[PDB]
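Only one structure is covered here, and it is reproduced in the block below.
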Amino acid sequence: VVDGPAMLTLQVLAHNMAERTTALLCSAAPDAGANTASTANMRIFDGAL
Amino acid sequence: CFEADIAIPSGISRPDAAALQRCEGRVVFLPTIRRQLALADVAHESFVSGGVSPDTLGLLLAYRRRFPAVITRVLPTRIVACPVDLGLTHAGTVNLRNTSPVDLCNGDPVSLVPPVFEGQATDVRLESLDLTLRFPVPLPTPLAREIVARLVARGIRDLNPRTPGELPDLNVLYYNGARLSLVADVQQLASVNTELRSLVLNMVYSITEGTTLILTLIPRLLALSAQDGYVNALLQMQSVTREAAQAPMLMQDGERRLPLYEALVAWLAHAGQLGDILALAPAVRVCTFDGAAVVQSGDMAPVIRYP
């Protein structure tokens with residue numbers, strides 16, 4: 001149940017919007033605290049839209 | 001032995017004759033080589049210079065230019081002392097008394113240190129012959145070299161104040177456990193100053209031309225730090241090496257002089273000799289015949305020659 005002047009105020013769509021989604025991939029290393037010689041080659045990838 | 005005697009000069013306090021009996025195996029600093037000598041130059045009143053008594057760094061400098069001697073046999077007439085500097089030719093291994101809180105090892109070089117301990121003063125008093133006696137404390141030599149660096153640097157902090165009063169005391173020692181506290185009462189300046197200058201002047205000559213190439217590899221040191229055990233334990237936390245990290249300077253004349261090999265020579269010439277130019281020379285070595293691996297506090301250890 002949504003009346004006229006609610007969706008009439010959908011006029012404000014012109015101000016902000018979003019174009020499309022984008023997969024973000026920025027990986028990481030072990031921390032200061034587990035970063036040793038064998039773990040220096042270690043990477044962990046994380047994906048998100 | 002090349003026998004040297006010291007007679008009992010004048011009178012006896014009758015228990016104090018027994019006090020000379022339980023000093024068998026101790027050390028007398030007599031500033032000579034005599035066939036007979038009075039007991040006046042023996043005691044600490046002779047260690048006292050003109051007007052003033054030496055500090056525990058001055059007593060190092062006072063034990064510099066005198067001669068140690070081993071109590072061999074105690075008579076009521078004389079005391080036979082064997083001249084350590086020459087007459088150490090003893091296959092009988094003339095015996096010494098360990099007066100020290102540390103149970104030593106077998107095989108330690110033993111050097112002599114003035115009494116600076118909090119509870120082993122070694123003060124025995126004679127009142128018929130008005131004399132004061134400080135026996136030196138025989139100790140193992142790395143533990144001996146851990147002491148003399150403390151006491152000069154404690155007197156280095158006697159030159160400059162600046163810092164807040166909570167200083168690191170230089171007064172907690174470590175041998176396998178065994179928290180040791182020593183005495184910090186007086187620091188005479190000239191005993192500090194002449195000891196400080198040879199610490200400066202020797203460290204001058206121990207740097208050379210080819211020494212400078214080694215200074216480039218200071219960031220190379222911390223590259224081994226996070227990838228092994230040995231280096232990370234070698235790199236001290238209270239070190240300037242972890243602090244200074246936060247280059248050939250060409251000048252190349254001739255290049256056939258072996259510049260890196262010549263660096264380790266003169267560095268070892270003066271920075272390699274820092275324990276013995278500040279303190280006394282070690283000539284006493286632990287050597288027990290029975291296979292005993294340690295020597296108790298108060299024991300009579302057999303003594304062999306220069307290490």
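Ligands are numbered from 1 in the order shown, residues from 1 within each chain, and chains are lettered A, B, ... in the order they appear in the structure tokens.
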Can you work out which residues from chain A touch chain B at a cut-off of 10 Å (counting only C-alpha atoms) and hand them back as a list in words? residues 35, 36, 37, 38 and 40 of chain A
With only C-alpha atoms as the counted atoms, please give the residues lying no more than 8 Å from residue 282 of chain B, apart from itself and same-chain residues fewer than 5 positions off, as a PDB file with N, CA, C and O atoms, in the first residue's frame.
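So the final result, stored in result15.pdb, reads:
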ATOM      1  N   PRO B 109      89.839 -19.980  33.209  1.00  0.00           N
ATOM      2  CA  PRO B 109      90.848 -19.005  33.625  1.00  0.00           C
ATOM      3  C   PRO B 109      90.308 -18.204  34.797  1.00  0.00           C
ATOM      4  O   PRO B 109      89.112 -17.914  34.876  1.00  0.00           O
ATOM      5  N   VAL B 110      91.195 -17.866  35.728  1.00  0.00           N
ATOM      6  CA  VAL B 110      90.821 -17.180  36.959  1.00  0.00           C
ATOM      7  C   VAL B 110      91.649 -15.911  37.060  1.00  0.00           C
ATOM      8  O   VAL B 110      92.883 -15.962  37.109  1.00  0.00           O
ATOM      9  N   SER B 111      90.970 -14.774  37.099  1.00  0.00           N
ATOM     10  CA  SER B 111      91.609 -13.494  37.333  1.00  0.00           C
ATOM     11  C   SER B 111      91.100 -12.904  38.638  1.00  0.00           C
ATOM     12  O   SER B 111      90.022 -13.254  39.121  1.00  0.00           O
ATOM     13  N   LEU B 112      91.887 -12.002  39.203  1.00  0.00           N
ATOM     14  CA  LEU B 112      91.616 -11.482  40.530  1.00  0.00           C
ATOM     15  C   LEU B 112      90.930 -10.126  40.442  1.00  0.00           C
ATOM     16  O   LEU B 112      91.276  -9.271  39.627  1.00  0.00           O
ATOM     17  N   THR B 141      86.924 -15.749  34.410  1.00  0.00           N
ATOM     18  CA  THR B 141      87.287 -14.553  33.651  1.00  0.00           C
ATOM     19  C   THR B 141      86.194 -13.942  32.763  1.00  0.00           C
ATOM     20  O   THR B 141      86.193 -12.704  32.640  1.00  0.00           O
ATOM     21  N   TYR B 306      99.526 -19.834  33.249  1.00  0.00           N
ATOM     22  CA  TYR B 306      98.924 -18.870  32.333  1.00  0.00           C
ATOM     23  C   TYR B 306      98.013 -19.515  31.292  1.00  0.00           C
ATOM     24  O   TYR B 306      98.385 -20.527  30.690  1.00  0.00           O
ATOM     25  N   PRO B 307      96.814 -18.967  31.059  1.00  0.00           N
ATOM     26  CA  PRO B 307      95.895 -19.493  30.047  1.00  0.00           C
ATOM     27  C   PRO B 307      96.252 -19.063  28.628  1.00  0.00           C
ATOM     28  O   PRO B 307      95.436 -19.269  27.729  1.00  0.00           O
TER      29      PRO B 307
END
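Proximity to residue 21 of chain A was assessed for A:1, A:41, A:9, A:48 counting only C-alpha atoms; the smallest distance is recorded for A:48.
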Run DSSP on the backbone of this structure and report the residues of segment 50-161 of chain B it assigns to strand (DSSP E), as JSON, numbers by chain. {"B": [67, 68, 69, 70, 71, 72, 73, 74, 78, 79, 80, 81, 82, 83, 96, 97, 109, 110, 111, 112, 113, 123, 124, 125, 126, 131, 132, 133, 134, 137, 138, 139, 140]}
Those residues you just picked out, can you put them in a file as a short mmCIF file (atom, residue, chain, number, x, y, z; two decimals), in the first residue's frame with N, CA and C atoms?
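This is the output file result-v4.cif:
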data_model
loop_
_atom_site.label_atom_id
_atom_site.label_comp_id
_atom_site.auth_asym_id
_atom_site.auth_seq_id
_atom_site.Cartn_x
_atom_site.Cartn_y
_atom_site.Cartn_z
N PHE B 67 102.45 -6.98 42.78
CA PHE B 67 102.69 -8.37 42.39
C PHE B 67 101.88 -9.29 43.28
N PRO B 68 100.98 -10.11 42.73
CA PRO B 68 100.25 -11.08 43.56
C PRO B 68 101.16 -12.20 44.05
N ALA B 69 100.81 -12.78 45.19
CA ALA B 69 101.59 -13.87 45.77
C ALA B 69 100.66 -14.84 46.47
N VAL B 70 100.98 -16.14 46.40
CA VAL B 70 100.14 -17.20 46.94
C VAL B 70 100.62 -17.57 48.34
N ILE B 71 99.71 -17.58 49.32
CA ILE B 71 100.05 -18.15 50.61
C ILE B 71 100.26 -19.64 50.46
N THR B 72 101.47 -20.09 50.80
CA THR B 72 101.83 -21.50 50.67
C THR B 72 101.76 -22.22 52.01
N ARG B 73 102.52 -21.75 52.99
CA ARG B 73 102.56 -22.36 54.30
C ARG B 73 102.64 -21.26 55.35
N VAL B 74 101.94 -21.47 56.46
CA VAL B 74 101.80 -20.46 57.50
C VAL B 74 102.55 -20.92 58.74
N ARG B 78 106.99 -16.86 60.08
CA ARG B 78 106.95 -16.28 58.75
C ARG B 78 105.71 -16.75 58.01
N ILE B 79 105.53 -16.21 56.81
CA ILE B 79 104.55 -16.70 55.84
C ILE B 79 105.25 -16.78 54.49
N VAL B 80 105.33 -17.99 53.94
CA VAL B 80 106.07 -18.24 52.71
C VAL B 80 105.13 -18.00 51.54
N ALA B 81 105.50 -17.06 50.67
CA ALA B 81 104.67 -16.70 49.54
C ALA B 81 105.41 -17.01 48.25
N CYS B 82 104.68 -17.44 47.23
CA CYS B 82 105.31 -17.87 46.00
C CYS B 82 105.01 -16.84 44.92
N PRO B 83 106.03 -16.27 44.28
CA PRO B 83 105.83 -15.12 43.38
C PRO B 83 105.20 -15.47 42.04
N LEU B 96 95.29 -22.78 45.97
CA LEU B 96 94.68 -21.48 46.22
C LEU B 96 93.37 -21.70 46.95
N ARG B 97 92.83 -20.65 47.56
CA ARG B 97 91.54 -20.72 48.21
C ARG B 97 90.52 -19.88 47.46
N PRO B 109 89.84 -19.98 33.21
CA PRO B 109 90.85 -19.01 33.62
C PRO B 109 90.31 -18.20 34.80
N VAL B 110 91.20 -17.87 35.73
CA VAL B 110 90.82 -17.18 36.96
C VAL B 110 91.65 -15.91 37.06
N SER B 111 90.97 -14.77 37.10
CA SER B 111 91.61 -13.49 37.33
C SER B 111 91.10 -12.90 38.64
N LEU B 112 91.89 -12.00 39.20
CA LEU B 112 91.62 -11.48 40.53
C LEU B 112 90.93 -10.13 40.44
N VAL B 113 89.93 -9.95 41.30
CA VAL B 113 89.10 -8.74 41.34
C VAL B 113 89.09 -8.28 42.79
N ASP B 123 86.87 -8.78 54.90
CA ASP B 123 87.51 -7.88 55.84
C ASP B 123 87.91 -8.64 57.10
N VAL B 124 89.21 -8.80 57.29
CA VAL B 124 89.78 -9.33 58.53
C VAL B 124 90.67 -8.25 59.13
N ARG B 125 90.56 -8.04 60.44
CA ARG B 125 91.17 -6.90 61.10
C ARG B 125 92.21 -7.34 62.11
N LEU B 126 93.35 -6.67 62.09
CA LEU B 126 94.43 -6.88 63.06
C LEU B 126 94.55 -5.60 63.87
N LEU B 131 96.30 -2.89 61.00
CA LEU B 131 96.23 -3.08 59.55
C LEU B 131 94.85 -3.59 59.17
N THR B 132 94.44 -3.26 57.95
CA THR B 132 93.20 -3.71 57.35
C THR B 132 93.51 -4.55 56.12
N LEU B 133 92.78 -5.65 55.96
CA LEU B 133 93.10 -6.61 54.91
C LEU B 133 91.89 -6.83 54.02
N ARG B 134 92.05 -6.52 52.73
CA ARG B 134 91.07 -6.85 51.71
C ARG B 134 91.66 -7.93 50.81
N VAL B 137 89.02 -11.32 45.26
CA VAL B 137 88.03 -12.36 45.03
C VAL B 137 88.39 -13.06 43.73
N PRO B 138 88.88 -14.29 43.76
CA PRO B 138 89.12 -15.01 42.51
C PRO B 138 87.80 -15.43 41.86
N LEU B 139 87.69 -15.15 40.57
CA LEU B 139 86.47 -15.35 39.81
C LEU B 139 86.79 -15.93 38.43
N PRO B 140 85.83 -16.55 37.75
CA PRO B 140 86.05 -16.90 36.34
C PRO B 140 86.13 -15.65 35.48
#
Pick out the residues sitting within 10 Å of segment 168-179 of chain B, and hand them over as a PDB file with N, CA, C and O atoms, in the first residue's frame; count only C-alpha atoms, and ignore anything fewer than 2 positions along from it in its own chain.
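File written: result_3.pdb
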ATOM      1  N   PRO B 101      81.226 -16.258  45.817  1.00  0.00           N
ATOM      2  CA  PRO B 101      79.896 -16.888  45.832  1.00  0.00           C
ATOM      3  C   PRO B 101      79.624 -17.790  44.639  1.00  0.00           C
ATOM      4  O   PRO B 101      78.662 -18.565  44.688  1.00  0.00           O
ATOM      5  N   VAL B 102      80.427 -17.720  43.583  1.00  0.00           N
ATOM      6  CA  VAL B 102      80.190 -18.512  42.382  1.00  0.00           C
ATOM      7  C   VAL B 102      80.925 -19.841  42.466  1.00  0.00           C
ATOM      8  O   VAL B 102      82.135 -19.884  42.719  1.00  0.00           O
ATOM      9  N   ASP B 103      80.193 -20.935  42.270  1.00  0.00           N
ATOM     10  CA  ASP B 103      80.769 -22.251  42.025  1.00  0.00           C
ATOM     11  C   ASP B 103      81.224 -22.239  40.573  1.00  0.00           C
ATOM     12  O   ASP B 103      80.424 -21.924  39.687  1.00  0.00           O
ATOM     13  N   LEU B 143      83.024 -13.910  33.628  1.00  0.00           N
ATOM     14  CA  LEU B 143      82.308 -13.233  34.694  1.00  0.00           C
ATOM     15  C   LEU B 143      83.134 -12.082  35.243  1.00  0.00           C
ATOM     16  O   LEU B 143      82.576 -11.084  35.702  1.00  0.00           O
ATOM     17  N   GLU B 146      82.644  -9.329  32.794  1.00  0.00           N
ATOM     18  CA  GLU B 146      81.303  -8.760  32.851  1.00  0.00           C
ATOM     19  C   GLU B 146      81.194  -7.715  33.954  1.00  0.00           C
ATOM     20  O   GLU B 146      80.213  -6.967  34.014  1.00  0.00           O
ATOM     21  N   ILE B 147      82.180  -7.666  34.849  1.00  0.00           N
ATOM     22  CA  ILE B 147      82.100  -6.784  36.008  1.00  0.00           C
ATOM     23  C   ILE B 147      82.759  -5.441  35.716  1.00  0.00           C
ATOM     24  O   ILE B 147      82.209  -4.380  36.036  1.00  0.00           O
ATOM     25  N   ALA B 149      83.373  -3.816  32.995  1.00  0.00           N
ATOM     26  CA  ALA B 149      82.639  -2.954  32.072  1.00  0.00           C
ATOM     27  C   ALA B 149      81.491  -2.239  32.774  1.00  0.00           C
ATOM     28  O   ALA B 149      81.133  -1.115  32.405  1.00  0.00           O
ATOM     29  N   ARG B 150      80.900  -2.880  33.783  1.00  0.00           N
ATOM     30  CA  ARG B 150      79.830  -2.248  34.545  1.00  0.00           C
ATOM     31  C   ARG B 150      80.350  -1.085  35.371  1.00  0.00           C
ATOM     32  O   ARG B 150      79.754  -0.004  35.385  1.00  0.00           O
ATOM     33  N   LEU B 151      81.469  -1.294  36.063  1.00  0.00           N
ATOM     34  CA  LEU B 151      81.885  -0.350  37.090  1.00  0.00           C
ATOM     35  C   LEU B 151      82.480   0.916  36.483  1.00  0.00           C
ATOM     36  O   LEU B 151      82.382   1.999  37.072  1.00  0.00           O
ATOM     37  N   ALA B 153      81.437   2.072  33.440  1.00  0.00           N
ATOM     38  CA  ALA B 153      80.269   2.737  32.862  1.00  0.00           C
ATOM     39  C   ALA B 153      79.377   3.332  33.938  1.00  0.00           C
ATOM     40  O   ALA B 153      78.668   4.317  33.697  1.00  0.00           O
ATOM     41  N   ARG B 154      79.384   2.734  35.126  1.00  0.00           N
ATOM     42  CA  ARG B 154      78.754   3.361  36.276  1.00  0.00           C
ATOM     43  C   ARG B 154      79.482   4.645  36.655  1.00  0.00           C
ATOM     44  O   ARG B 154      78.856   5.628  37.060  1.00  0.00           O
ATOM     45  N   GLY B 165      66.481  10.310  37.751  1.00  0.00           N
ATOM     46  CA  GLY B 165      67.196   9.540  38.747  1.00  0.00           C
ATOM     47  C   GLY B 165      67.047   8.039  38.678  1.00  0.00           C
ATOM     48  O   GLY B 165      67.884   7.319  39.225  1.00  0.00           O
ATOM     49  N   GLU B 166      66.004   7.537  38.027  1.00  0.00           N
ATOM     50  CA  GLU B 166      65.831   6.108  37.806  1.00  0.00           C
ATOM     51  C   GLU B 166      66.743   5.699  36.654  1.00  0.00           C
ATOM     52  O   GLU B 166      66.339   5.738  35.487  1.00  0.00           O
ATOM     53  N   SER B 181      74.092  -8.462  43.540  1.00  0.00           N
ATOM     54  CA  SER B 181      74.121  -7.011  43.718  1.00  0.00           C
ATOM     55  C   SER B 181      75.465  -6.625  44.328  1.00  0.00           C
ATOM     56  O   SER B 181      75.920  -7.250  45.288  1.00  0.00           O
ATOM     57  N   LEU B 182      76.107  -5.613  43.753  1.00  0.00           N
ATOM     58  CA  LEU B 182      77.413  -5.178  44.224  1.00  0.00           C
ATOM     59  C   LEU B 182      77.291  -3.806  44.887  1.00  0.00           C
ATOM     60  O   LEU B 182      76.197  -3.257  45.035  1.00  0.00           O
ATOM     61  N   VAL B 183      78.432  -3.245  45.269  1.00  0.00           N
ATOM     62  CA  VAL B 183      78.471  -2.017  46.059  1.00  0.00           C
ATOM     63  C   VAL B 183      78.731  -0.828  45.137  1.00  0.00           C
ATOM     64  O   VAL B 183      79.640  -0.868  44.298  1.00  0.00           O
ATOM     65  N   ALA B 184      77.929   0.229  45.285  1.00  0.00           N
ATOM     66  CA  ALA B 184      78.131   1.492  44.581  1.00  0.00           C
ATOM     67  C   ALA B 184      78.152   2.614  45.610  1.00  0.00           C
ATOM     68  O   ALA B 184      77.104   3.171  45.949  1.00  0.00           O
TER      69      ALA B 184
END
Using only C-alpha atoms, determine which residues lie at most 9 Å from segment 189-194 of chain B, disregarding the query and same-chain residues fewer than 5 positions distant; provide the list as an MDAnalysis selection string. chainID B and resid 54:61 151:153 155:156 158:159 199
Residues flagged helix (DSSP H, G or I) by DSSP in segment 47-244 of chain B, as a VMD selection string: chain B and resid 47 58 to 64 141 to 156 189 to 205 210 to 227 230 to 234
Shell around residue 99 of chain B at 9 Å using only C-alpha atoms, local window under 5 positions removed, as a list in words: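 The filter keeps residues 26, 120, 122, 135, 136, 137, 138, 139, 297, 298 and 299 of chain B.
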